[PDB]
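Numbers for residues simply follow the sequence, beginning at 1. For the numbers below, each heavy atom of this structure counts, side chains included, while hydrogens, waters and symmetry mates do not.
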Amino acid sequence: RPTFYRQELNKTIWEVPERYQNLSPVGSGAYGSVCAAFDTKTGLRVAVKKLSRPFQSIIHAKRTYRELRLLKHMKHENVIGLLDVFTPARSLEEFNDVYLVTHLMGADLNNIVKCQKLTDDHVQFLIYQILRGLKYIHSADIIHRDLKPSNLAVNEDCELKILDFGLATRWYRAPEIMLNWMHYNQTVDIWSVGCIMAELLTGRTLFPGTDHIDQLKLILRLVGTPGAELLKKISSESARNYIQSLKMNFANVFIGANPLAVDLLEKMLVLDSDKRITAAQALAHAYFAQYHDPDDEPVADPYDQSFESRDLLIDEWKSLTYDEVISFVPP
Ligand SMILES: Cc1ccc(-n2nc(C(C)(C)C)cc2NC(=O)Nc2cccc(Nc3ccc4c(c3)CCCCC4=O)c2)cc1
Ligand SMILES: CCCCCCCCO[C@@H]1O[C@H](CO)[C@@H](O)[C@H](O)[C@H]1O
Ligand SMILES: CCCCCCCCO[C@@H]1O[C@H](CO)[C@@H](O)[C@H](O)[C@H]1O
C-alpha cells in the first residue's frame, strides 16, 4: 500500500499516492474532475480523474463502475488505458472515492490543430490512429458516442489516444445520436471521425451548428436528404415530411484534398449509419496505405457488458467497483 497525501484540488480533498506529483486541474464537472500530474514512480505524465460522489446514487455508482470497467478493459495504444486506480479507503465500508489514472498525452486534438489546416500526411496519421483505436473499442462492442477533438489526446509525436473527458460539444455528434434514435451502430463514431477528419483537412468545423436543428440542417445540406433506402428505416411519415424541409458531391468543402481522403470522408459521412464504413474497413482504405498494417490493428478481448442491462442497488455497484479497484494490476 502506498502512502497517500492530501491536497485541496478542484474544490475537494484529493487523497492520492505520493508517487503522483504536480497535480494541476485540467477539467472539472458534475461527474468528477481531472488533474494533470507526474507519476514519479513511472516517470510518466498522467491524468488523475477523481470521481465526484461516485456512490451517491445508483446512477453515480453504476457510472463509476462503468468507467472503471471500461478503462480496465482498454489495452490499446490508441485508446486511453488505466495506469492506476486507487482509493484512500482501506475497506469496502470506508470506500467512497475512486481515482483513475491514465497517460496524459499532453494536449487534445484542438491544441495541435489550433484551427489550422493539417497536412494530408498528418491527417492520415491522426485519423489512422483514431480508426485503429475505434476498431479496438468497437471490437469490444463499445460505442464511444461522443468522439470529438477534445476527446483525442495527442503527445508531441502526435501519437494519439481516444478517451472520454466528459465530466462545439454537438458538432461531431452522429445525427442519429442527436435524434435520440436509440439503436446505435458503432458507426455513430465513424460519423464523428468524418467530422474530425474534415476539420483536420479544411481547418474548419464541418458542421458548426448553432443548435440542435441547425446542426441537422447543416448535415442535410451537405450529405443530402435521406435516400429511399434510409427513408424506409424511418417509421414516422411526419418525421420524414419534417426532414423534407431541408446529396451534394463531396467536392466543394474538400477542395484540394487528397481524392483518397475525400473518398474516405464520403464513406464516413453517410447519413445511413448502416452504410457508413466501419473502423476496420476504413483502416484498409487506400488513404491509410502508409500506415495500415492488418497485423497491427488489434481487437479487444471480449468485454463483459452484462452490467449495462442491470438495475442494481448502490451497495452492489459500490462493492462491484471496489472489487475492480482491489483486483487492479498495473500494465
Ligand atoms: C462514465 C464514463 C464512462 C466511460 C468513460 N470513458 N470511456 C472511455 C472510452 C474507452 C474511450 C470509451 C474512456 C472513458 N473515460 C476516460 O477517458 N476517463 C478519463 C480518465 C482519466 C483522465 C481523463 N481525462 C484526460 C486524460 C488525458 C488527457 C486529457 C484528459 C485532457 C487533455 C490533456 C491531455 C490528455 O492526455 C479521462 C468516461 C465516462
Ligand atoms: C438529419 C436528419 C436525418 C438523420 C437520420 C440518420 C439515420 C441514421 O442511420 C440509422 O441509424 C439507426 C440507429 O443506429 C439505424 O437503426 C438505422 O438503420 C440507420 O439507418
Ligand atoms: C429534424 C429532422 C429529423 C426528423 C426525425 C427523424 C426520425 C427518427 O426518429 C427515430 O426513427 C426510428 C423509426 O424508424 C425509431 O426507431 C426511433 O425511435 C425514432 O427516434
**Student:** Would you say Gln281 and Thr278 are linked by a side-chain donor-acceptor pair, where the criterion is simply a distance under 3.5 Å?
**Tutor:**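 Present: a donor and an acceptor within the cut-off.
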**Student:** Assess the pair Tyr65 and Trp317: is the distance between their ring centroids shorter than 6.0 Å?
**Tutor:**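 Distance test on ring centres: under 6.0 Å, yes.
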**Student:** According to a 4.5 Å side-chain heavy-atom criterion applied to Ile, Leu, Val, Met, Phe, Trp and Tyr, with indirect links allowed, do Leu51 and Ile326 form part of one hydrophobic cluster?
**Tutor:**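 Yes: a chain of side-chain contacts under 4.5 Å links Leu51 to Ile326.
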**Student:** Look at atom NZ of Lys41 and say whether more than 12 heavy atoms of other residues, nucleotides or ligands are closer to it than 6.0 Å.
**Tutor:** no
**Student:** Carefully, step by step, assess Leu264 and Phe288 under the rule side-chain contact (heavy atoms from CB on, under 4.5 Å).
**Tutor:** CA-CA 10 Å; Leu264 179 68; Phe288 303 107; 3.3 Å; yes
**Student:** Within the structure provided, determine whether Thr102 and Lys49 are in side-chain contact (heavy-atom separation under 4.5 Å).
**Tutor:**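 With C-beta onward as the side chain, the pair stays apart.
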**Student:** For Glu176 and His183, which I'm curious about, is there any donor-acceptor pair between the side chains at under 3.5 Å?
**Tutor:**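 No pair is found: no donor N or O on one side chain lies under 3.5 Å from an acceptor on the other.
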**Student:** Would you say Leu104 ends up clustered with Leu23 if hydrophobic residues are merged whenever their side chains have heavy atoms under 4.5 Å apart, either directly or through other cluster members?
**Tutor:** no
**Student:** Does either side chain, that of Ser327 or that of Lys72, offer a donor lying less than 3.5 Å from an acceptor on the other one?
**Tutor:** yes
**Student:** Taking all non-hydrogen atoms of both residues, which atom of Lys50 and which atom of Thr12 are closest, and how far apart?
**Tutor:**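 Taking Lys50 first and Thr12 second, the nearest heavy atoms are NZ-OG1, 2.8 Å.
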**Student:** Please examine the side chains of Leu246 and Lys217, heavy atoms only from C-beta on, and report whether any two atoms are closer than 4.5 Å.
**Tutor:**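 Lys217 vs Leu246: side chains apart.
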**Student:** Treat each ILVMFWY residue as a node, draw an edge where side-chain heavy atoms are under 4.5 Å apart, and state whether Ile219 and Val270 are in one component.
**Tutor:** no
**Student:** Quick one: do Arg276 and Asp274 satisfy salt bridge (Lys or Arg N to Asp or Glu O under 4.0 Å)? Show the steps, please.
**Tutor:** CA-CA 6 Å; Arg276 290 172 201 160; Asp274 296 322; over 6 Å; no
**Student:** Please name the pair of heavy atoms, one in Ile234 and one in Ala239, separated by the smallest distance, quoted to 0.1 Å.
**Tutor:** CG2-CB, 4.4 Å
**Student:** Measure the OG-CD distance between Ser273 and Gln186 for me, rounded to the nearest 0.5 Å.
**Tutor:** 10.5 Å
**Student:** If you apply the rule side-chain contact (heavy atoms from CB on, under 4.5 Å), what do you find for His103 with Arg45, and how did you get there?
**Tutor:** CA-CA 6 Å; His103 268 103; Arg45 310 165 71 218; over 6 Å; no
**Student:** Examine distances only and state if a side-chain atom of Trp171 and a backbone atom of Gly209 form a donor-acceptor pair shorter than 3.5 Å.
**Tutor:** yes
**Student:** If you draw a 6.0 Å radius around CD1 in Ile255, do more than 12 non-hydrogen atoms from other residues or ligands fall strictly inside?
**Tutor:** yes
**Student:** Decide yes or no on side-chain contact (heavy atoms from CB on, under 4.5 Å) for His122 and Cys158, but give the supporting numbers first.
**Tutor:** CA-CA 9 Å; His122 201 209; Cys158 265; 3.0 Å; yes
**Student:** Take the angle between the ring planes of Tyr20 and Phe86 and call it parallel below 30°, perpendicular above 60°, tilted in between.
**Tutor:** parallel
**Student:** Parallel, tilted or perpendicular: which describes the rings of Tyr136 and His76, with under 30° parallel and over 60° perpendicular?
**Tutor:**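 Ring orientation, 0 to 90° scale: tilted.
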**Student:** Any side-chain donor-acceptor pair under 3.5 Å between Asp120 and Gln124?
**Tutor:**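 There is such a pair (donor and acceptor under 3.5 Å, judged by atom type) between the side chains of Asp120 and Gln124.
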**Student:** Side chains of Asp189 and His138: any donor to acceptor distance under 3.5 Å?
**Tutor:**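 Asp189 and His138 do have a side-chain donor-acceptor pair below 3.5 Å.
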**Student:** Side chains of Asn151 and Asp108: does their closest heavy-atom pair fall under 4.5 Å?
**Tutor:**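 In short, these two side chains do not touch, never coming nearer than 4.5 Å.
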**Student:** At their closest point, which heavy atom of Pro298 faces which heavy atom of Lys135, and how far apart are they?
**Tutor:**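 Taking every non-hydrogen atom into account, O-CD, 4.4 Å.
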**Student:** Does a sphere of radius 6.0 Å around CD in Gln290 hold more than 12 heavy atoms from other residues, nucleotides or ligands, not counting ones at 6.0 Å or beyond?
**Tutor:**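 Atom CD in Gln290 is packed in, count exceeds 12.
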**Student:** Taking all atoms of both residues into account, what is the closest heavy-atom pair of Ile162 and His144, and its distance?
**Tutor:**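 So the minimum-distance heavy-atom pair works out to CG2-CD2, 3.5 Å.
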**Student:** Just so I know, are the side chains of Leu160 and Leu126 near enough to count as touching, which here means a heavy-atom distance under 4.5 Å?
**Tutor:** yes
**Student:** Are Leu201 and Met248 linked, directly or through intermediate hydrophobic residues, by side-chain heavy-atom contacts shorter than 4.5 Å (ILVMFWY only)?
**Tutor:**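 Yes, it is one cluster - the side chains of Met248 and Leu201 are joined through contacts under 4.5 Å.
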**Student:** Would you tell me whether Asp263 and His285 have side-chain atoms, one donor and one acceptor, within less than 3.5 Å of each other?
**Tutor:** yes
**Student:** List the steps and the verdict of side-chain contact (heavy atoms from CB on, under 4.5 Å) for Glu67 and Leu100.
**Tutor:** CA-CA 9 Å; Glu67 183 168 22; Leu100 310 161; 3.6 Å; yes
**Student:** State which residue, out of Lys233, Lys267, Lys232, fulfils the salt bridge (charged side-chain N to carboxylate O under 4.0 Å, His left out) condition with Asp272.
**Tutor:** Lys233
**Student:** Hey, what do you get for CG (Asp84) to CZ (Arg19), rounding to the nearest 0.5 Å?
**Tutor:**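 So the CG of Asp84 and the CZ of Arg19 are separated by 5.0 Å.
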**Student:** Side-chain contact test, heavy atoms from C-beta onward, threshold under 4.5 Å: evaluate it for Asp141 versus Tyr303 and give yes or no.
**Tutor:** no
**Student:** Determine whether a donor-acceptor pair (N or O, by modelled atom type, separation under 3.5 Å) exists between the side chain of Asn185 and the backbone of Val188.
**Tutor:**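 Flag not set: sc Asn185 to bb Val188 has no pair under 3.5 Å.
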**Student:** Taking atom types as modelled, find out whether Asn241 and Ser238 have a side-chain donor-acceptor pair closer than 3.5 angstrom.
**Tutor:** no
**Student:** Taking all non-hydrogen atoms of both residues, which atom of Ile58 and which atom of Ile314 are closest, and how far apart?
**Tutor:** N-CG1, 3.4 Å
**Student:** Would a 4.5 Å heavy-atom cut-off, applied to side chains only, mark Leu131 and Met268 as touching?
**Tutor:** yes
**Student:** Can a side-chain donor-acceptor contact be found between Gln21 and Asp39 if the only test is distance below 3.5 angstrom?
**Tutor:**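 Distance-only check fails for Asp39 and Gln21.
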**Student:** Near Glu94 CD, under 6.0 Å, is it more than 12 heavy atoms from other residues, nucleotides or ligands?
**Tutor:** yes
**Student:** Tell me whether the centres of the aromatic rings in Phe55 and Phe95 are closer together than 6.0 Å.
**Tutor:**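 Ring-ring flag for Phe55/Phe95: true, centres closer than 6.0 Å.
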**Student:** Can you check whether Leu320's main-chain N or O pairs, donor with acceptor, with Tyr322's side chain at less than 3.5 Å?
**Tutor:** no
**Student:** What closest approach, in Å, do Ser28 and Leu167 show between heavy atoms, and which atom pair accounts for it?
**Tutor:**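 Scanning both residues completely, I find the closest heavy atoms to be N-CD1, 3.7 Å.
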**Student:** Taking the side chain as C-beta and beyond, is there a heavy-atom pair between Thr87 and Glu15 under 4.5 Å?
**Tutor:** no
**Student:** About how many Å separate NE2 of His212 and CZ of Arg173, when rounded to the nearest 0.5 Å?
**Tutor:** 11.0 Å
**Student:** Does a side chain donor of either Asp304 or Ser306 reach within less than 3.5 Å of an acceptor in the other side chain?
**Tutor:**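 Short answer, yes.
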**Student:** Side chains of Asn10 and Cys35: does their closest heavy-atom pair fall under 4.5 Å?
**Tutor:** yes
**Student:** Determine whether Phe4 and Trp14 satisfy the following criterion, ring-ring contact (aromatic ring centres under 6.0 Å, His included), listing intermediate values before the conclusion.
**Tutor:** CA-CA 9 Å; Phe4 284 68; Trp14 283 46; over 10 Å; no
**Student:** Would you kindly confirm whether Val26 and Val48 end up in one hydrophobic cluster when ILVMFWY residues are joined by side chain heavy atoms under 4.5 Å apart?
**Tutor:**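 No, because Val26 and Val48 fall into different hydrophobic clusters, even though each may have its own neighbours under 4.5 Å.
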**Student:** Is a donor from one side chain sitting under 3.5 angstrom from an acceptor on the other, for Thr3 and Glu18?
**Tutor:**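 There is such a pair between these side chains.
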**Student:** Less than 4.0 angstrom from a charged side-chain N to a carboxylate O is my criterion; do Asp296 and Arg132 meet it?
**Tutor:**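 Here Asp296 pairs with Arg132 in a salt bridge, since their nearest N and O are under 4.0 Å apart.
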**Student:** Once you measure the plane-to-plane angle for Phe250 and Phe254, does it fall in the parallel (<30°), tilted (30-60°) or perpendicular (>60°) bin?
**Tutor:**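 Answer is parallel, since the angle falls under 30°.
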**Student:** Does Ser91 reach the main-chain N or O of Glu93 with its side chain, forming a donor-acceptor pair under 3.5 Å?
**Tutor:**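 Between the backbone of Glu93 and the side chain of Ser91 there is a qualifying donor-acceptor contact (under 3.5 Å).
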